[PDB]
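Just one chain follows, in the form deposited in one PDB entry, and it is written as structure tokens.
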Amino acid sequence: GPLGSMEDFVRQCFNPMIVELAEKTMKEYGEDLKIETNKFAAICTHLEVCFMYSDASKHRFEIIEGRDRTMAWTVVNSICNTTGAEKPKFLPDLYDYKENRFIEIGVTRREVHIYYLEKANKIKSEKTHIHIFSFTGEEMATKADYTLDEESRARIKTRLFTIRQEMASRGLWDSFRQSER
């Protein structure tokens, strides 16, 4: 019953652009992706989920995730200067053009209401919509408003499902699940 390397899995079941954005993301904090390999996969995963979330409806969302902080804040500032909206204190992951609000996407290996509540306490602003996903098909969103339809979110959760089980087949899942706090 062999145990695999998380880094290899990350470089084998994730798209090279995703991986590059993850590497850049960790580098911008100086973190080494060889000490924090579960964080590497968590970031690749979160990235992919945000991207799929935007892909579910083209021309509806603006992506903030994966950008430089300078540029991401530039986009946020532009949007808010266009709408007059409150500049959130923390960088959100998306902007919904249809409901005209910012979205924070969270992905958790733990219970979704816990992650949701921790996000809610952390981000201060009650104007930023929150959407949390798990690797087990569970999701938790603000005001029971899930933005996307069932098929799209099922697409996302199916991808997550795949990630989790492909992790499992390499023995990576237990440590990855345990690593969160």
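Note that residue numbering follows the sequence shown and begins at 1.
If you look for the form solved in complex with a small molecule, you will not find it shown, but the lines that follow are about it.
Asker: Applying a 4.5 Å heavy atom distance criterion, does residue 36 contact the small molecule in the entry with it bound?
Answerer: Contact check for residue 36: yes, within 4.5 Å of the small molecule in the entry with it bound.
Asker: Just to confirm, residue 42 within 4.5 Å of the small molecule in the entry with it bound by heavy atoms?
Answerer: So residue 42 counts as contacting the small molecule.
Asker: Indicate whether the small molecule has at least one heavy atom within 4.5 Å of a heavy atom of residue 180 in the entry with it bound.
Answerer: Heavy-atom contact with the small molecule at 4.5 Å: present for residue 180.
Asker: With the partner left out here, check for me: in the entry with it bound, does some heavy atom of residue 101 sit within 4.5 Å of the small molecule?
Answerer: Residue-level check for residue 101: no, no contact with the small molecule.
Asker: For the small molecule, considered in the entry with it bound: do all three of 93, 105 and 173 come within 4.5 Å of it, counting heavy atoms only?
Answerer: Answer is yes for this spot.
Asker: Just to confirm, with a 4.5 Å cut-off on non-hydrogen atoms, which of 139, 62, 65, 48 contacts the small molecule in the entry with it bound?
Answerer: None of the other options qualify; the answer is 65.
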